[PDB]
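Take a look at the letters that make up each chain.
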Amino acid sequence: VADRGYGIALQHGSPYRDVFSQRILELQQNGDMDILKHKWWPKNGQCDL
Amino acid sequence: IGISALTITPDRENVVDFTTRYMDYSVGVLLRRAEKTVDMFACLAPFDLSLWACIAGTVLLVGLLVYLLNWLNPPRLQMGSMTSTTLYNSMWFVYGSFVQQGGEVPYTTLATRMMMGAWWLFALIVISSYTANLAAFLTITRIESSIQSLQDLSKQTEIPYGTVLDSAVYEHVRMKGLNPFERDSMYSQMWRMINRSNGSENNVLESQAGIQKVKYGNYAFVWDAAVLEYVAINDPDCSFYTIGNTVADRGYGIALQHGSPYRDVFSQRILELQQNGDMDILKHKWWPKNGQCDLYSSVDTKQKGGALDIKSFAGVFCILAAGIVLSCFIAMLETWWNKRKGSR
Amino acid sequence: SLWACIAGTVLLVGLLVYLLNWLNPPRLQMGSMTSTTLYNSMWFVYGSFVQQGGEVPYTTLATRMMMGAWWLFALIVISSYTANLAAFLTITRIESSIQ
């Protein structure tokens, strides 16, 4: 049940919304975001879930 | 020239030259045959050893629990008659009516008839459960244990599988397993089994050691399919069988020195040999069909039910043989114990 | 061949029972149905195998122990026959699919 997602929320017209939205893409393309995800959801966990 | 089962890899092309493709690559698996087995004791599998013991002890327990009731509430029993049954007779009828044999029971008291009416309805459910579970086991004996694909190998429940450490196969499954974009359950479950204990669990140091581990145990070895097909062609026992897939990004070849110009020879002549069938003649020379064994078949498809093997029923015959042997000692004591004094 | 094994085992047990009776007779009178004959031993050995035989007279402990193995053998044979026939008639009705 996709196309919903988590995100930072801001006041109306907060000028940083676009600045944050720029950097989040760069983190998503590098795989740095996947490394930070692995830091909490390690795929090769201790047992098969 | 360097000549072996070489395979196309872009990395080495910065240090040596290589053939243009003459045969496409494939990944495959080597396995051990599983034709209709002969379990010597399948006749006794339906009940656990502890449940067999519980039932056996229950027989004697109910024997005693019956016996004492003829002390507690003896009715107008017949004069001078073993209708006031002895202990051993009360053990006898308690066994002789558990196995559906036997006959009339002399008791007239409600207490003992109420005991027997529970014993019979225990036994009849035991025997019906034994017949049901045996018929279940012999129905479940089916050929879907045959692993026919990597989907089966990643979904089977019986055999551990792996490959040689640091192999381009191991690294290929790693590329399909650890990658964040690739998420196929089939490849990722192959990888996890290959990834256990950082690969130190199931993997082997040499392909020949893996092959022998398959032959002399329970294992499945993943390797270059064109090698395993030859191993299956040349297994004198027909214990091996193999399976495989058609795989991209690879093709077989041969290598030459860095910058060797003789690489210009290959392409047009390989096209000739393929169109002539000369390449296919060489392939048939080295992969003939009617080898010692069938490469892919591993099961019996015609004995759907099949008769019982005389040896598979041997575990039943052992019961009668043990009964006879155990009777021989008593059949001696039936004389020697009197001969201790000669009385009669 | 397994039917022949079973039939031979029946005939064998009929003889082993008769020999056990011939070696260790009870205190009861010889020369009457208080004594055992070979064909009646075959008779009861078959009759109790087919669930129909009813009572058995033998009182000697070794013979009762052998009978106690014979009846359990019979029940394991018949339960194997029913189980295998139901498997045969259940794998048939599935695998016939030329279409």
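Residues numbered from 1 in each chain as written, not as in the entry; some residues may be left out. Chains lettered and ligands numbered in written order. Part of a larger assembly, values for the part shown. Heavy atoms only, no water.

Focus on empty space enclosed by the protein
Residues and elements named next belong to chain B.
Line of reasoning, step 1. Within this structure, the stated rule accounts for one cavity of 30 Å³ or more.
Line of reasoning, step 2. Counted as a void, the largest cavity has a volume near 80 Å³.
Line of reasoning, step 3. If you go around the largest cavity, the residues you meet are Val27, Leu150, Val169, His172, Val173, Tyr187, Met190, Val222, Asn245 and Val247.
Line of reasoning, step 4. Secondary-structure elements contributing two or more residues to the lining of the largest cavity are α6 (168-177), α7 (185-195) and β5 (240-252).
Line of reasoning, step 5. Take the lining of the largest cavity: its biggest share by element is three residues, from α6.
Line of reasoning, step 6. Each residue belonging to the lining of the largest cavity can be placed in one class, and the counts come to eight nonpolar, two polar and no charged. (1 Å grid on protein atoms, 1.4 Å probe; cavity = no way out; pocket = protein on both sides within 12 Å on 5 of 7 lines; lining within 4 Å. Points joined across faces, edges and corners; volume = space filled by probe spheres on them. Helix = DSSP H or I, 4+ residues; strand = E, 2+ residues; numbered from the N terminus. Nonpolar A, V, L, I, M, F, W, Y, C, P; charged D, E, K, R; others polar.)

What to know about the environment of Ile6 of chain C
Residue and element names in this part refer to chain C.
Line of reasoning, step 1. For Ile6, the location among the structural elements is in helix α1 (residues 2-23).
Line of reasoning, step 2. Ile6 sits in the buried class, given a relative accessible area of 15%.
Line of reasoning, step 3. For the pair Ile6 and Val77, spaced 71 residues apart in sequence, the C-alpha separation works out to 9.3 Å. (Buried < 20%, exposed > 50% of the residue type's maximum accessible area, 1.4 Å probe, protein only.)

Describing the interface of chain A and chain B
Line of reasoning, step 1. With seven residues of chain A at the interface, the matching set in chain B holds nine residues.
Line of reasoning, step 2. A buried area of about 470 Å², summed over both sides, lies between chain A and chain B, and 35% of it is on carbon and sulfur atoms.
Line of reasoning, step 3. Joining chain A to chain B, the criterion identifies zero salt bridges.
Line of reasoning, step 4. Linking chain A with chain B are three residue pairs in polar contact. (Contact = heavy atoms within 4.5 Å. Buried area = accessible area lost by both parts, 1.4 Å probe. Salt bridge = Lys/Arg side-chain N within 4 Å of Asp/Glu carboxyl O. Polar contact = N/O pair within 3.5 Å; in protein donor to acceptor, adjacent residues only side chain to side chain.)

Some thoughts on the interface of chain B and chain C
Line of reasoning, step 1. On the side of chain C, 36 residues touch chain B, which itself brings 35 residues to the contact.
Line of reasoning, step 2. Both sides of the chain B and chain C interface together cover about 3500 Å² of buried area, and 73% of this is carbon and sulfur.
Line of reasoning, step 3. Three residues stand out in chain B for area buried against chain C, namely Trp92, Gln101 and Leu320 of chain B, and they jointly supply 17% of the buried area on that side.
Line of reasoning, step 4. On inspection of chain B and its partner chain C, the count reaches one salt bridge.
Line of reasoning, step 5. Here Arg142 of chain B ties to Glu95 of chain C by a salt bridge, and the two come within 2.5 Å at their closest N and O atoms.

Let's talk about the state of the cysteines
All names here are of chain B.
Line of reasoning, step 1. Tallying each qualifying case throughout the model produces one disulfide over all chains.
Line of reasoning, step 2. Disulfide pairing is shown between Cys238 and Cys293; the S-S distance is 2.0 Å. Taking the sign of the S-S torsion, -85 degrees for the link of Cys238 and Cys293, the bridge is left-handed. Residue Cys238 is located in the loop between α9 (225-233) and β5, and its partner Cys293 is located in the loop between α11 (278-286) and α12 (314-339); the two are separated by 55 residues in the primary sequence.
Line of reasoning, step 3. On the basis of relative accessible area, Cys293 is assigned to the buried category, the value being 6%. (Disulfide = S-S within 2.5 Å.)

Details of the arrangement of the chains
Line of reasoning, step 1. Contacts are most numerous between chains B and C, taken over all two pairs of chains that touch.
Line of reasoning, step 2. Taking C-alpha atoms only, the smallest gap left between chain A and chain C, which are not in contact, amounts to 35 Å.

Some points on the sheet that holds strand β2 (residues 23-32) of chain B
Strand pairing within a sheet occurs via backbone hydrogen bonds; the two strands may be parallel or antiparallel.
Residue and element names in this part refer to chain B.
Line of reasoning, step 1. Ordered by their spatial adjacency, four strands build an open sheet running β3-β4-β2-β5, and the pairing between neighbours is mixed. The sheet terminates laterally at β3 (161-162) and β5, the two strands that pair on one side only.
Line of reasoning, step 2. In this sheet, strand β4 (residues 220-224) lies alongside β2 in antiparallel orientation, the contact comprising four bridges. For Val29, the partnering residue across the bridge sits in β4 and is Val222. (Pairing = 2+ DSSP bridges.)

A look at the pattern of salt bridges
Line of reasoning, step 1. Taken as a whole and assessed by the stated rule, the structure comprises 14 salt bridges over all chains.
Line of reasoning, step 2. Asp18 of chain A serves as the salt-bridge partner of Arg17 of chain A, at 3.1 Å between the closest nitrogen and oxygen.
Line of reasoning, step 3. Assessed through its relative accessible area of 53%, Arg17 of chain A is described here as exposed.
Line of reasoning, step 4. A salt bridge links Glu13 of chain B to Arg263 of chain B; its shortest N-O distance comes to 2.6 Å. Of the two residues, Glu13 of chain B is situated in the segment before β1 (17-18) and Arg263 of chain B in the loop between β6 (255-256) and α10 (266-276); the sequence distance between them amounts to 250 residues.
Line of reasoning, step 5. Using a relative accessible area of 41% as the deciding quantity, one classes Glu13 of chain B as partly exposed.
Line of reasoning, step 6. Several salt bridges converge on common partners, so that one network encompasses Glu13, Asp17 and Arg263 of chain B.

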